[PDB]
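# Fold and contact review
Chain by chain, the residues run as shown.
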Number of protein chains: 2
Amino acid sequence: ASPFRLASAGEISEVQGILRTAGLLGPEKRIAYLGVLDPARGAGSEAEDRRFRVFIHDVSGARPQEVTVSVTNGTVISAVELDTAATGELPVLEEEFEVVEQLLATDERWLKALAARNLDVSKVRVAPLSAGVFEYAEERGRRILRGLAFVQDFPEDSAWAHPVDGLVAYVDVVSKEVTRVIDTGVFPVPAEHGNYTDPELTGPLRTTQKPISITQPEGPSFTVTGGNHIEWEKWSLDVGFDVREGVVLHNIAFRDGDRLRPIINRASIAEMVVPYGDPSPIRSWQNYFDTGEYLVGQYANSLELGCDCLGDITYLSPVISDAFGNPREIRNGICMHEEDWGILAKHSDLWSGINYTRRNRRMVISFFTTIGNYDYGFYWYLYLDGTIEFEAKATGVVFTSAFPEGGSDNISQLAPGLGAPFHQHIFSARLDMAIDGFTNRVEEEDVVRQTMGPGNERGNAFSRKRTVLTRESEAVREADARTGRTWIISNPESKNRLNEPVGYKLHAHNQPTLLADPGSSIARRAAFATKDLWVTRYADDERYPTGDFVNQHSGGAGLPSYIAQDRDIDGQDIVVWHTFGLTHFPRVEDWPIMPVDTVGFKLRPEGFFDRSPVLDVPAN
Amino acid sequence: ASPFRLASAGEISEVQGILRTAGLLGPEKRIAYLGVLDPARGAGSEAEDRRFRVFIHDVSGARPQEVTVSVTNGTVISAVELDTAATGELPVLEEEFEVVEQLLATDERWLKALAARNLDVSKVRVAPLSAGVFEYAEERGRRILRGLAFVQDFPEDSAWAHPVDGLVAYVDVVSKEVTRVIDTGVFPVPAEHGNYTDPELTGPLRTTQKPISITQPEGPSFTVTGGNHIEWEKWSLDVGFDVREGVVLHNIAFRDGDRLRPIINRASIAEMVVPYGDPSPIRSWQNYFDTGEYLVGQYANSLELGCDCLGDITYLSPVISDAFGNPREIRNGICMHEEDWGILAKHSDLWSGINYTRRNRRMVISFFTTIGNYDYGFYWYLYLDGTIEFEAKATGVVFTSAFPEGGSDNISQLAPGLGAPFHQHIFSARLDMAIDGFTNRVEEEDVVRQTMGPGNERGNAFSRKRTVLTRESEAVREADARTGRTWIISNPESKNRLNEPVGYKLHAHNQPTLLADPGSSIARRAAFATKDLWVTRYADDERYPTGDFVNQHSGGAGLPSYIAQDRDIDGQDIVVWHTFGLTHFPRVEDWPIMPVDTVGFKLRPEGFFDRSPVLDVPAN
Ligand SMILES: [Cl-]
Ligand SMILES: [Cu+2]
Ligand SMILES: [Cu+2]
Ligand SMILES: [K+]
Ligand SMILES: [K+]
Ligand code: NA
Ligand code: NA
């Protein structure tokens, strides 16, 4: 009966039925996005209304629509035609991808380019990439994909080893036209294979790894009820899944004595962008909005026991819609388990003679997704001590190019003649805050150095300061690692026993933000990525830092547009958007398949509790 | 056998015998420091000379000595009388700590101060703390400790809950004289207890935690030979232990095919300082050099299986000297084990149809020490992919004071009337580098943003730059998180298959460095802590960033003196000294016993290998 339960297969097929009966799902229609809407503020006063939001594409050229349906009542709430030149194109369809390679295969310009390089067209894979918005006026209002070529020598070959540089094509996937083929000149196609399962490349496998057995003889310490409601070590939350964002956490709360205390209303990765920093016209347009354009949830992997998730694992198998409105289950797409996490607290006291040690553990909720060459793990952690953490694990195969003769300031060499263009992977965590309820505020906290002199005669003093962010115009903040800058979300109307507002402190990794020139298209379309921390006033329709329709949007959508409202955020229902990313200069060690690298952030209680919340943990 | 083996009980007894025979260890002498020295540069074979260095204190007040002994040859190599007012006092003797409370208990000034506060002297514990160097001219050349009082209500009471503010005493621990008692006025002694094992405070203990069993049915994947030589998953190293530094790693190397490739010759935490930022004269002198003044290894805990170290644990029990030269074992003082570390690499390729997942592991070498109220865990990690990481874990009970009525800019409130002065915990890792051998250099690498314009018309390009640090004068560097600054140690004479010098990249956390005014005693004494990275030319007598004798020693020694030599570090035998630390504004959640917080750094291979070094890891 929880309004935060996962979508059922039946709900999705019910959406399909409502749509088709309304005449909105004819044979030329495709569902580009489908997801359940969260309950509105103040909805608990009963009366479930499960609503779904749908983006409908038309492959015949007709206008797309955004449609909201009520599966509870079997109705279309709203159906609005979209002007895509104005508000953006719909997300890339899984089925539109193959289209690029197929169209190019019969194009004379493309065939000429391949023939000059002596490449068999049957062996040429084309990565179907998002187009962005550049100088091509003819592209406005059209659904475009750009294509880069990779040679696959045989069915099981890794095509990423064999990029075809100096060549790029643009295609209109609706009219099925190749609009441009650009050939800037031949580059050798790197010849070494990157087949990481080939014994010739791996060498003899290690026989030195002895098993590590992780078991829970009495089962896990968390409970799962209503399908996706988790309770674990004082924590309470609901695990949602959306085809765009992936795993979403709802209603994160902590049972402190007799009270269930809210902390975060909704936590998600609301966007992730991969901008490339190679100025070659072959790739200078390349920016993947893995979340906004591709939809990371739809490509979530089925996770294997003992392989992807080790120990005592509880799985969720979320359901999503295919292009036609049929429900598809992602079997074992979400892993949930608790992990030992070393020492929690320890002291050996001379005076009392008491030696005390307690161990820590964390609850893990994760999924793994594949976006073309990339594979990402998204992990949320809840710790015994009240810490909340997110970690992204980036792996897969790096996106390759030729390595230019004479070297490059923008590309690293992975193998002979094989390049890897510099790029970033930049995430936005959207945290709809609810510290002890919805009346919250954010302060920026900096360390403050003090000058030796009166009141500080030994020059040892240091302090800190907090600045309240009172309005959205003041709430776009940057990191300052040197001054230990953090941000505290507090509830000015809820105080701890020492009469201080309860709070949680956000600790960022202070990695570089978006490096592109501020006047670039990517800086405008991924404005969120240019600053570390944004705070907005909550609004139903402000879901993504990049807006609803990211694909081929001209820029300025999302956060810059929200912030421009300059709303009061001082003791109000607010949302924190934290930008954090990896800046990737690929190394030889990343080839032919990359070891995981990580980035993330955490929040720790800051006078939220009246004392340590883990004094009741028993000895191991 | 190996010159890097742990000191044995017999060796320590033999050093005692050699010193005795030489007339250097009569009944008035005490061993303040004793440790084995590393072999000299210049190989050997098995022509070993095990040498020990000793600092010898004299309880009658005669000059102490620094002595090097050859235990192999039964000889004194060198013995020098120290002028401590110049070069520094010896580390504090465990036996001197108790002297303070004992002497104060009969001092009329101390008794009067306690009587003014209605405190029973029998219940007043005194934290006997290092003195540093301030304006008290009479202390020059004397061994002083400063005492701060805490009330202990009964034998098992946590005295830290009951600080006695406004009171401090200074004590000469050799002449056994109370030199000063300062009373700045009475403060209420906080009354709430901080007894974290009292069920009244813990409430009923949780019954919700189900067991997590971690076992290795076939034993661990690492081997231990020669007592302390570890081989694990291509890694080779020797685990040393020194009473001052604690665990020291020697000869870290990686077997890459048929070649054992050195990476780091010696890794240690060569100093750690805990400066306090409260300008009250009661504490404004407070700075712990846990390593240099206290010797962290000597207070290493015995680690309990199932509590401190979970899984299949192999222990080392290092031997140290007592104050008289007798050997003492720290049973189970070092834990060694491997643990699962999630996903190593993963890719699901659409074009090839191959789905690939491998798991990661790390080797862990750790110890835990107790310094009064604080307990610190020191953890070294080696990863399958070649990453090396250090992590410090800070816990224990925070150091307390009164909380001033009307608040404080330098102290936080933990409980009614109970304060916790702001402070930092700053570590120095000394990494004697040997990237593919001793011919090394360091480059500072920064991200480079590029301007939109010719050659970058879309404004997407970004790059990086590297600056070789050629001489020590140029090798004192600061963090720049905003520009993604890292430091690469490379070997300009050893190139990978792509003709690039092999390297490792140091990734810092970019936490704040020492906050004290540069004119302070602590800024001079902990000069190393004011900058993030220092590079020196290797020298036998350059061991600690603070010099050999830190206790009551002014500036004049350590890193700032070493760097002045302005030696060539461009393709030479070099040492990297990385400063990293926590800035602690204590929170209510830290009381009455603090949950672990962490800080550290890592190094990742950077074109060290010719491709990923983990292609030979088998499927799980
Ligand atoms: Cl990548
Ligand atoms: Cu990358
Ligand atoms: Cu601290
Ligand atoms: K537009
Ligand atoms: K001998
Ligand atoms: Na909110
Ligand atoms: Na070196």
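Residues numbered from 1 in each chain as written, not as in the entry; some residues may be left out. Chains lettered and ligands numbered in written order. Heavy atoms only, no water.

Its PDB header names X-ray crystallography as the technique used to obtain the model and reports a resolution of 1.5100 Å.

## Side note on the coordination of the sodium ion (ligand 7)
Residues and elements named next belong to chain B. Around the sodium ion (ligand 7), the protein contributes the donor atoms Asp-432 (OD), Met-433 (O), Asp-573 (OD), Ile-574 (N) and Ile-574 (O), which lie 2.4 to 3.2 Å from the metal centre. Each donor residue of the sodium ion (ligand 7) belongs to the same chain, and together they define the spacing D-M-x139-D-I. Of this pair, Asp-432 sits in strand β26 (residues 423–433) while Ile-574 sits in strand β33 (residues 574–584); the two residues are 142 residues apart in sequence, bridging distant segments of the chain. Side by side, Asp-432 and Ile-574 carry an identical accessibility label, which is buried. (Donors = N, O, S within 2.8 Å, 3.2 Å for Na, K, Ca; no water. Helix = DSSP H or I, 4+ residues; strand = E, 2+ residues; numbered from the N terminus. Buried < 20%, exposed > 50% of the residue type's maximum accessible area, 1.4 Å probe, protein only.)

## Some thoughts on the coordination of the copper ion (ligand 2)
Residue and element names in this part refer to chain A. Distances from the copper ion (ligand 2) to its protein donors, namely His-423 (NE2), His-425 (NE2) and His-584 (ND1), fall within the range 2.0 Å. On the primary sequence, the residues serving as donors to the copper ion (ligand 2) are separated as H-x1-H-x158-H. Each member of the pair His-423 and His-425 is classed as buried.

## Here we look at unusual backbone geometry
Most peptide bonds adopt trans geometry, and most residues besides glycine take a negative phi value. Note that the residue after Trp591(A), namely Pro592(A), is joined by a cis bond; omega there is 5°. Structurally, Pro592(A) is set in the loop between β33 (574–584) and β34 (594–606).

## Quick word on the interface of chain A and chain B
Listed as interface residues are 154 residues of chain A and, on the opposing side, 152 residues of chain B. Where chain A abuts chain B, roughly 12900 Å² becomes buried across the two surfaces, and 53% of that area is made up of carbon and sulfur atoms. Contact with chain B buries area across many residues of chain A, yet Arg206(A), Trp351(A) and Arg458(A) alone supply 8% of it, more than any other trio. Connecting chain A to chain B are 14 salt bridges. We note a salt bridge from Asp616(A) to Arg206(B), for which the minimum N-O separation is 2.9 Å. In this structure, the connection of chain A to chain B is made through 81 residue pairs in polar contact. (Contact = heavy atoms within 4.5 Å. Buried area = accessible area lost by both parts, 1.4 Å probe. Salt bridge = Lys/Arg side-chain N within 4 Å of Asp/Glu carboxyl O. Polar contact = N/O pair within 3.5 Å; in protein donor to acceptor, adjacent residues only side chain to side chain.)

## Regarding the sheet that holds strand β25 (residues 418–421) of chain A
All names here are of chain A. Sheet architecture is open: 3 strands sit in the order β23-β25-β24, paired in antiparallel fashion. The sheet terminates laterally at β23 (401–402) and β24 (411–415), the two strands that pair on one side only. Both β23 and β25 contribute to a ladder of 2 bridges, which runs antiparallel. Counted as the bridge partner of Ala-402 is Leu-418 from β25. (Pairing = 2+ DSSP bridges.)

## Section: helix α1 (residues 9–21) of chain B
Residue and element names in this part refer to chain B. Look at α1: 18 Å from first C-alpha to last across 13 residues, which is about the 18 Å you get at 1.5 Å a residue. For α1, the set of buried residues is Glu-11, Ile-12, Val-15, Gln-16, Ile-18 and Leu-19. Looking down the long axis of α1, one finds its buried residues gathered within 165° of arc, a one-sided arrangement. Residues of α1 that are buried in the fold lie against β1 (29–36), β2 (51–58), β3 (65–70), β4 (75–81), β17 (319–321) and β18 (327–329). Remark: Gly-23 follows α1 within two positions and exhibits a positive phi of approximately 80°. (Expected span 1.5 Å × (residues − 1). Arc of directions from axis to C-beta.)

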